[PDB]
Amino acid sequence: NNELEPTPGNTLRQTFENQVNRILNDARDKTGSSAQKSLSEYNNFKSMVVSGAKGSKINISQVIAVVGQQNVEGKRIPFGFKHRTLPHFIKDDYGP
Amino acid sequence: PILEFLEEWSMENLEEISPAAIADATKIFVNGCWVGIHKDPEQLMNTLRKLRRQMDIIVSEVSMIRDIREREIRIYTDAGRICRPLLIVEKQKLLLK
Amino acid sequence: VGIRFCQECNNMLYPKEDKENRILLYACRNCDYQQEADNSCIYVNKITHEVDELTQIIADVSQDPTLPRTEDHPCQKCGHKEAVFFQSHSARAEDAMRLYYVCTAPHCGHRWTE
Amino acid sequence: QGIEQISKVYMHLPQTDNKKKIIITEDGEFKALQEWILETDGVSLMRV
Amino acid sequence: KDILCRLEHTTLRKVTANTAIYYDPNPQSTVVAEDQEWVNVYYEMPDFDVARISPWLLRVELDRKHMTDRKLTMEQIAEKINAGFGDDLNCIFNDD
Amino acid sequence: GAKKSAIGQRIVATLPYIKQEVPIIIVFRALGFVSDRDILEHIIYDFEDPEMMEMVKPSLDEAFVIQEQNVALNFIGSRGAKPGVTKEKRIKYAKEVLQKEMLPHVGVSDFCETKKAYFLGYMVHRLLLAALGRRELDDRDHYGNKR
Amino acid sequence: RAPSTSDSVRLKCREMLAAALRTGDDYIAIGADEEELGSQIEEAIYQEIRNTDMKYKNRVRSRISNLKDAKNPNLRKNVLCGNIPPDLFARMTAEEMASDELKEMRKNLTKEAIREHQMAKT
Ligand SMILES: [Zn+2]
Ligand SMILES: [Zn+2]
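Line by line, the protein sequences give chains A, X, V, E, H, S and G.
First residue of the first sequence? That's 722 in full-length UniProt numbering, and the numbers climb one at a time after it.
First residue of the second sequence? That's 617 in full-length UniProt numbering, and the numbers climb one at a time after it.
First residue of the third sequence? That's 12 in full-length UniProt numbering, and the numbers climb one at a time after it.
First residue of the fourth sequence? That's 1299 in full-length UniProt numbering, and the numbers climb one at a time after it.
First residue of the fifth sequence? That's 1155 in full-length UniProt numbering, and the numbers climb one at a time after it.
First residue of the sixth sequence? That's 323 in full-length UniProt numbering, and the numbers climb one at a time after it.
First residue of the seventh sequence? That's 132 in full-length UniProt numbering, and the numbers climb one at a time after it.
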């Protein structure tokens, strides 16, 4: 509807994708935090991460809750096809 | 056989047209060689799809790509292209029964 | 814009100033054919998007299976409900976030933008 | 206007404390001021 | 930002919308009537256009918002042109 | 710097077995098209779109010196990678190059000249749609462009 | 209190300034000597510039355009009535204050809009 106003130093597409990126990033972080708070004291992923000997918190959030946004060159997956990332989507679809 | 069938249909060879009509017709290429133009791409594409699915003149692996936005119908029959089978869908229903 | 061709050789008529009466004449070099210019603007260029996408969209995209279809914006020349909507995604705009709609019904290639 | 070999210059306030203006107060304390800094994409240092 | 405008290289192309070459041979008449009213101001006090001037015309539209954002005025643009080309280009500018 | 910007961008062609690019309209003249309307018909299929028309003005004015097919053939043969001994041999060499070396898949017979001309015009048209941004640049890694 | 001058350009500038002040018959409404006012203004401009160069000419033309326009009549009314003294009118800073109220309103509106247009750092 052309009611998103760009942030300065950023074009309208850049502002849009930045909004989407921050939304998905905070969604992943909230889900991972909630998953971490659910971990028992005997959960051995939490043992290995609390010791710091292997893995990390992001690994636990990925395996338990959400893998998250996949990025290429620091960007979401581009339209390799004509306005599509794959043949399973309508053209001009910026959904997650 | 593709060229023979297209000549048998309402396709106009580039040697036998005024350029002024080329804007209002779909350019038809065969292996990248511009064969002609056609005045109705939807009918022609449906015909070619039917023929390939029946395997009457067009053998399978012959690719018929219509760029609607650019008004182009590229037909490819050369070797080296990579293809895979897919189940045909019609009226949001499978032809497989 | 000054696209005019010679009526003898069909070559571009270049602008030429007639100092004898101070009027523009589009003259063919190498075939010396003159034509009374009336545009009075030999050349004009656009820097800030004096082009519109609705001039360029083609009605045949109503047949595209890959484009999405919505019924929330009916046509304006036949009232047909279904419309195919998409983004131009071309240069000279640099923000294709707006949508251009085509009436999906055949024989009505009416278009608009929202 | 503007000095050559320069493109759009980003004016901003550094939320990072290192780029903030650190001053010594009268009490002898380090205060980091939030101030406007300009980050360009080209370089002509003598002119600027 | 006022200092920023003194750094960011502002060329003419930044602040202009469009450009047209007209003939407009008689200068005290104009091919564009809306030009006529303010052109007659500068032809009430003509200088180097006493009864004649080169019978072409280069009209350029200047983007208002870029003039304000870069804090440019009509006078400095006219002075810059006349300095870069001496007397060879007589530049007549509308009121800002 | 002195004149390169007034003429601005203009279109060239780098044909095979030629050590130097050539203006495109010279190549069209070499295929027997003197009228600029005829050449632009093979390139621009709608003459009412002034942007595309302004795109081709620099090349047309670049090639305005030559108006004869034989002159363009002499031009090309002078720039050939195997220079002919004289104007006639240079013309024959350029004629053979256009006959066989350039766009052979369109055809290698004399009567295919028009077909080749059309194809060449289409290529220029595609380039213009790349220039005006109405089409998207093709991707080298797009696997559909592979064999 | 206008010192007369024999310079053709200066007196021509003065009479065109008077031919701007005649617009709208406000001088009839007030009853002020528009010729003397124009001579005072041109003297002030020449004192400011000390020359007949481009700055002098375009300053005079900017003032004459700002006087002639009908969308800012109260400016001319204040000038002729004496609310705006002539020496101040000679040294107005373009359209930033010497302009109608609605123009200043929209200029301040876009001045505030360019704030949100150009802060960022996200
Ligand atoms: Zn001619
Ligand atoms: Zn409709």
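Think of the CB as a built atom: it goes at the ideal place given N, C-alpha and C, for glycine as much as any other residue.
Residues of chain S with a CB under 8 Å from the CB of residue i: which are they?
i        : result
X:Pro635 : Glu363, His364, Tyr367
Thinking C-alpha only, which one of the options is nearest residue i?
i         : options                                : result
V:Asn32   : H:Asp1241, H:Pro1209, H:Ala1232        : H:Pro1209
X:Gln708  : V:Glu61, V:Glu105, V:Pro76             : V:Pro76
G:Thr241  : H:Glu1191, H:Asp1203, H:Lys1225        : H:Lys1225
S:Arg457  : V:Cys17, V:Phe16, V:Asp71, V:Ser99     : V:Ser99
G:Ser196  : H:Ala1174, H:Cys1159, H:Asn1248        : H:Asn1248
V:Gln45   : V:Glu61, V:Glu28, V:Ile58              : V:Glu28
G:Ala133  : G:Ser230, G:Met223, G:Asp218, G:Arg181 : G:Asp218
V:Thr115  : V:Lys30, V:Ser73, V:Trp123             : V:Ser73
X:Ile684  : X:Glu628, X:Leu619, X:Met661, X:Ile674 : X:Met661
X:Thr663  : X:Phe621, X:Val651, X:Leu710, X:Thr693 : X:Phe621
H:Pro1179 : V:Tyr37, V:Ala38, V:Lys30              : V:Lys30
S:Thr408  : S:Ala324, S:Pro345, S:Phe433, S:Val393 : S:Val393
S:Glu390  : S:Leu451, S:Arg332, S:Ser357, S:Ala403 : S:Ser357
S:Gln331  : S:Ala453, S:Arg462, S:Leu459           : S:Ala453
E:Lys1317 : E:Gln1332, E:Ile1304, E:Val1346        : E:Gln1332
Against residue i, what residues of chain G qualify as contacts under a CB-to-CB distance less than 9 Å, listed in chain order?
i         : result
H:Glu1188 : Near H:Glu1188 there are no residues of chain G at all, since even the closest Cβ is about 14 Å away, more than 9 Å.
A:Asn739  : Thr253
Applying the criterion that 16 or more other CB atoms from any shown protein chain within 10 Å of the CB defines a buried residue, is residue i buried or exposed?
i         : result
H:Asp1201 : exposed
V:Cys17   : buried
X:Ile698  : exposed
S:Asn396  : buried
S:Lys411  : exposed
V:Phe96   : buried
V:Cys39   : buried
G:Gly169  : buried
S:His364  : buried
V:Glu61   : exposed
V:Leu78   : buried
A:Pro799  : exposed
A:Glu724  : exposed
A:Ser782  : buried
G:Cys144  : buried
Going by the beta-carbon positions, is the gap between residue i and residue j smaller than 8 Å?
i         : j         : result
S:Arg359  : V:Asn41   : no
G:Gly155  : G:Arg207  : yes
V:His121  : V:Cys86   : yes
H:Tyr1177 : H:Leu1212 : no
H:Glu1229 : G:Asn209  : no
G:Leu211  : G:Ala163  : yes
X:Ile638  : X:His654  : no
V:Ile53   : H:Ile1207 : no
X:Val678  : X:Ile691  : yes
G:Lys202  : G:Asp157  : no
S:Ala352  : S:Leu451  : no
A:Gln757  : A:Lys778  : yes
G:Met223  : H:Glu1198 : no
Listing by chain order, which chain G residues have their CB less than 8 Å from the CB of residue i?
i         : result
E:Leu1311 : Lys252
What in chain V is Cβ-close to residue i, meaning under 7 Å?
i         : result
A:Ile811  : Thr77, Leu78, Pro79
H:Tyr1197 : The contacting residues do not exist; H:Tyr1197 stays about 17 Å from chain V at best.
A:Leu733  : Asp106, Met108
Which bits of chain E does residue i rub up against, with CB to CB less than 8 Å?
i         : result
H:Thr1227 : Neighbours of H:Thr1227 on chain E: none; closest Cβ ~11 Å, over 8 Å.
H:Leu1161 : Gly1300, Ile1301, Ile1304, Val1307, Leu1336, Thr1338, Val1346
Any beta carbon from chain B within less than 8 Å of residue i's own beta carbon?
i        : result
X:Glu631 : Here chain B cannot be found, since the structure's protein chains are A, X, V, E, H, S and G.
What in chain X is Cβ-close to residue i, meaning under 8 Å?
i        : result
S:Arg457 : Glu686
S:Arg469 : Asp694, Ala695, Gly696, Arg697
V:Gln45  : Ordered by position in chain X, no residue passes the 8 Å Cβ test against V:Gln45, which lies about 27 Å from the chain.
V:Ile69  : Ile684, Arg685, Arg687
Cβ closer than 7 Å: which chain H residues qualify as neighbours of residue i?
i         : result
E:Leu1343 : Those within 7 Å of E:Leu1343 in chain H number zero; the least Cβ separation is about 12 Å.
Just to make sure I have the definition right: I need the residues of chain V whose C-beta is within less than 8 Å of the C-beta of residue i. Which are they?
i        : result
A:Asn722 : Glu125
Can you name the residues of chain G whose CB is closer than 7 Å to the CB of residue i?
i         : result
H:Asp1223 : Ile245
What residues of chain S sit near residue i, judged by a beta carbon separation below 7 Å?
i       : result
V:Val72 : The premise fails here: V:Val72 is roughly 14 Å from chain S at the closest Cβ pair, so nothing lies under 7 Å.
Run through chain V and tell me which residues come within less than 9 Å of residue i, C-beta to C-beta.
i        : result
S:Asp460 : The contacting residues do not exist; S:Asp460 stays about 15 Å from chain V at best.
Scan the UniProt domain "RNA polymerase Rpb2" (644-706) of chain X for residues whose Cβ lies nearer than 8 Å to a Cβ of chain V and list them as they occur along the chain. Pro657, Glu658, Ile684, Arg685, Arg687
Any residues in the UniProt zinc finger region "TFIIS-type" (82-124) of chain V with a beta carbon nearer than 9 Å to a beta carbon of chain X? Which ones, in chain order? none
Contact list for the stretch 424-445 of chain S against chain X, Cβ threshold 7 Å: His427, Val428, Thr436, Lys437, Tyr440, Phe441, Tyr444
What are the residues of the stretch 383-406 of chain S that lie near chain V, defined by any Cβ-Cβ distance shorter than 9 Å? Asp383, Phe386, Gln389
Which residues, in order along the stretch 1199-1220 of chain H, keep a beta-carbon less than 8 Å from a beta-carbon of chain V? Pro1209, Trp1210, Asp1217
By the 8 Å beta-carbon criterion, what residues does the stretch 29-55 of chain V contribute toward chain S? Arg40, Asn41, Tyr54
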